[PDB]
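First comes one chain, alone, set out as structure tokens in the form deposited in one PDB entry.
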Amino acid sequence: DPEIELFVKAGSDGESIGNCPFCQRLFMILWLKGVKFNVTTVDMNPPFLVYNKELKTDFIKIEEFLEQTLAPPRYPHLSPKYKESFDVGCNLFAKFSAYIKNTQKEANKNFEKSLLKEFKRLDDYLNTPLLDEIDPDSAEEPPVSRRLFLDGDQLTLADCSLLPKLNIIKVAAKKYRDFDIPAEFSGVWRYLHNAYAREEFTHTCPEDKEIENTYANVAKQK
């Protein structure tokens, strides 16, 4: 295979994995490709990629590049089967971003509700059986989805995008707003339990502190 170096943002010691959810997304893509690569952290905007001596910089170009040039059969395809696997998480980070930046405590419930509404949209998607889901015993569509991840039972590009952002939301909102993702979002929790069991996700996460540091001067209410 090719010679690859991924440059990611460094954490507060200038060495550890810092909070950069697109860097984690690319780290996941390369890991899931099953390709050799090195990861370098930068105490400097990341991620950047060196692929056979060429510097690449535009994330979208990079993601397209990798999916197209690291292809089957040597490498797994990572594009999701269903376009909505991508589309479901579209406003979730923005709602979190407004919630975590709000400094008016009496507005907290309104911003939290707006975040919960997006989590509900995600939960519904994760509970709705995909068109390809067939119960192995009855051959009926299951009544509630059982698939591991967004698109099916493998990690896809959808998950490499969404998972890093959900980790940030989970960590930062718990730290600064005492927020827990409701237990009643059983679809969301099944997905998170499955994801946190995969090392491509957990071992590319920065330490929670790095994410807490990102929000330390925005999330304190006044």
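Heads up: residue numbers just count along the shown sequence, starting at 1.
What comes next is about the form solved in complex with a small molecule, which does not appear here.
At a distance threshold of 4.5 angstroms between non-hydrogen atoms, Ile211 is out of contact with the small molecule in the bound PDB entry. Residue contact check for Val39: one or more of its heavy atoms lie within 4.5 Å of the small molecule in the bound PDB entry.
The closest non-hydrogen atom of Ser16 lies within 4.5 Å of the small molecule in the bound PDB entry.
At the 4.5 Å threshold, heavy atoms of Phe179 stay clear of the small molecule in the bound PDB entry, well away from it. Heavy atoms within 4.5 Å of the small molecule in the bound PDB entry belong, among the stretches 181-189, 52-60, 65-73, 27-35, to residues of 27-35.
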